[PDB]
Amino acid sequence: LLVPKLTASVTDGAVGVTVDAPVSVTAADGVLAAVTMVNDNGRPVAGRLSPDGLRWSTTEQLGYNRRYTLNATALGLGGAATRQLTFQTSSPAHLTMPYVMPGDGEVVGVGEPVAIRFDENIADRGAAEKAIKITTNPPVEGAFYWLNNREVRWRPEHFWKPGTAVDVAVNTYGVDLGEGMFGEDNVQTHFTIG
């Protein structure tokens, strides 16, 4: 007969915790009976408990420069377990907001690149690229190229084909884009090649 086991995806006393991923808690040999997370001013963080009670996860954006307190209780045939932990999230030197072109909902020509322009210097171009997901349909191969320290573009080898959906997810919220420059938020754009 085992006592329930709680496992969180963050450690107690962690610092610099990145806010580009949710925080989770799992139970084994039992189910989650209560999970709460609050910030340093006592504001609850939204989360979702799976219907089977085995996993809870945050469902909204954690803030920069915050201390979060997580409490969980699991209950099983073998008794109860509780855990509390506290951690601190990333403290950016600066924030940068990206702007994507073409604009959301636009219909554009066969020579138009995807362009992602950040409003501050990007010292880690590789980190910025990794945070950007391009979807094409019909699918075509393409690649990123930087114009300068602020603007990265993406295109196929030659021209686009008319009737192509292009989806651009710029997910740099929580990502250190070099020298403590973090994404201010995520951006989502979808357009069509006419």
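So that there is no doubt, residue numbering starts at 1 and follows the sequence shown.
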{"item": "Segment of higher mean CA temperature factor, 74-82 or 87-95", "value": "87-95"}
{"item": "Selected stretch [higher average CA B-factor]: 166-174 or 12-20", "value": "12-20"}
{"item": "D52, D29, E151, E141, ranked by C-alpha B-factor: the highest one", "value": "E141"}
{"item": "Candidate set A131, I134, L147, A33 [ranked by C-alpha B-factor, highest]", "value": "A131"}
{"item": "Position of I193 among the chain's modelled residues by C-alpha B-factor, lowest, middle or highest third", "value": "lowest"}
{"item": "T69 - which third its CA temperature factor falls in, relative to the rest of the chain", "value": "middle"}
{"item": "Chain thirds of CA B-factor: placement of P156", "value": "lowest"}
